[PDB]
Amino acid sequence: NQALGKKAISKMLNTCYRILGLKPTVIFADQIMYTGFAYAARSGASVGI
Amino acid sequence: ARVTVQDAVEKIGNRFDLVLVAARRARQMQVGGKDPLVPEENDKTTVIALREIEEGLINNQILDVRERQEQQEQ
Numbered sequence: 593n594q595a596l597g598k599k600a601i602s603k604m605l606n607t608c609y610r611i612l613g614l615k616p617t618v619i620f621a622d623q624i625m626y627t628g629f630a631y632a633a634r635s636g637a638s639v640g641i
Numbered sequence: 002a003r004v005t006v007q008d009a010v011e012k013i014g015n016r017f018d019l020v021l022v023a024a025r026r027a028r029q030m031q032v033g034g035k036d037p038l039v040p041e042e043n044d045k046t047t048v049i050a051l052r053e054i055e056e057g058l059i060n061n062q063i064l065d066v067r068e069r070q071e072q073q074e075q
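Just so you know, the protein sequences line up as chains D and E, in that order.
Heads up: the first sequence begins at 593 in the authors' numbering, then just goes up one per residue.
Heads up: the second sequence begins at 2 in the authors' numbering, then just goes up one per residue.
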């Protein structure tokens, strides 16, 4: 329930590692990467003048 | 396929000795004179030895007592 700006993501991954273990944090990292890529492409943010 | 060896690590905790144990088990099953105790999923003997350790059926003491048993047999 935040903006997840490259610092909340790191903290969330750290809590997942320090709470659950190693396999769940690996699967979580892969899922985060995939969903981020898909939704960044869907948004279509572009830089104009 | 064992993508993570965390459980095998914690079964016998060194992250350094399990390499030796798995190497010994793989040599036994690859050179000859051994058969896997877990079902073979057409994978290499490396992950088979690691899965054997993960299930808890192979460690240093068990391997040593088995070797003693075969030496006594011959």
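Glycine included, each C-beta is placed from N, C-alpha and C at the ideal position.
Looking at the backbone, the Cα of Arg634 of chain D and that of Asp8 of chain E are separated by about 38 Å. Around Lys615 of chain D, the beta-carbon contacts reaching into chain E at under 7 Å are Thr5, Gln7. Assigned with DSSP and collapsed to three states, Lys35 of chain E falls in coil, not helix or strand. Scanning its chain for C-beta atoms nearer than 7 Å, with the 5 sequence neighbours on each side dropped, one finds around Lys12 of chain E the residues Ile54, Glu55, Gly57, in chain order. Rounded to the nearest whole angstrom, the CA to CA distance from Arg610 of chain D to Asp65 of chain E is 36 Å. The beta carbons of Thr47 of chain E and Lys615 of chain D sit no closer together than 7 Å. Rounded to the nearest angstrom, the Cβ distance from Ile49 of chain E to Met30 of chain E is 7 Å, consistent with a contact under 8 Å. Residues of chain E with a Cβ closer than 9 Å to the Cβ of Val639 of chain D do not exist, since the nearest Cβ in that chain sits about 38 Å away. The straight-line gap separating the alpha-carbon atoms of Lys598 of chain D and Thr617 of chain D is approximately 17 Å.
As the crow flies, the alpha-carbon of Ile619 of chain D is around 11 Å from that of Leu605 of chain D. Taking all protein chains in view, the Cβ of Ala595 of chain D is surrounded by fewer than 16 other Cβ atoms within 10 Å, so the residue is classified as exposed.
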